[PDB]
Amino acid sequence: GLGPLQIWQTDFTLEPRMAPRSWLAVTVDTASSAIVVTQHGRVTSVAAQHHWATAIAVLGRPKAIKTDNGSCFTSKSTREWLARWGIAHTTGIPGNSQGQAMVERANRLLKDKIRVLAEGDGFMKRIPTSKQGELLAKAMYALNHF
């Protein structure tokens, strides 16, 4: 009734430890603080849609999503994909200074967690491609569950 509005913040951040699919798409559900992250080979409009398809399966459909003005978020293709799901999109104030510190903070916690767990498994540089998926899933678990 009076609980938080279901607003997500989403952003992409680069992580060479996860190459070749080094772009991580990160969504923070601002009502719960849960984090959803997926890995992608290139930052395109279709990679953002594939990330949100997975975040929806996991967190439900939000009422709105806030992003920056990155072109994979403002293309015609991504605007139509969000209209097909009935989700409102805002890039907030222009020179907003950033109405998305929560996802910015999530991005740093996430890359720190990835580094600490990868180094615990003995991977000091790039994580071998066949170990990436389970280590990303472990970083996600660690940041969402207590």
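In this text, rigid core is short for the largest set of C-alphas that superpose within 1.5 Å between two forms. The first residue of the sequence shown is number 1, and the count goes up from there.
Q: Comparing C-alpha positions in 6 other deposited structures of this protein against this form, with the rigid core used for the fit, which stretch differs more, 57 to 65 or 85 to 93?
A: Of the two stretches, the larger average C-alpha offset in 6 other deposited structures of this protein falls on 85 to 93.
Q: Quick check: by Cα RMS after rigid core superposition, does 137 to 145 or 1 to 9 differ more from this form in 6 other deposited structures of this protein?
A: With the rigid core fitted, 1 to 9 is the stretch that strays more in 6 other deposited structures of this protein.
Q: Mean C-alpha B-factor higher for 82 to 90, or for 96 to 104?
A: Between 82 to 90 and 96 to 104, it is 96 to 104.
Q: Of the two stretches 40 to 48 and 65 to 73, which shows the higher Cα B-factor on average in the entry?
A: That would be 65 to 73.
Q: Check the PDB entry and point out which of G122, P128, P20, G133 has the largest C-alpha temperature factor.
A: Top of the list by C-alpha B-factor: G122.
Q: Among the chain's modelled residues, which third holds the C-alpha B-factor of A142?
A: As the PDB entry reports it, the C-alpha B-factor of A142 lands in the middle third of its chain.
Q: Could you look up the Cα B-factor of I56 in the entry and say which third of the chain it sits in: lowest, middle or highest?
A: Its C-alpha B-factor belongs to the lowest third of this chain's values.
Q: Going by what the PDB entry lists, where does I114 fall on CA B-factor within its chain: lowest, middle or highest third?
A: It falls in the middle third of the chain.
Q: Using the temperature factors of the C-alpha atoms in this entry, rank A31 within its chain: lowest, middle or highest third.
A: For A31, whose C-alpha B-factor we compare with every modelled residue in the chain, the answer is the highest third.
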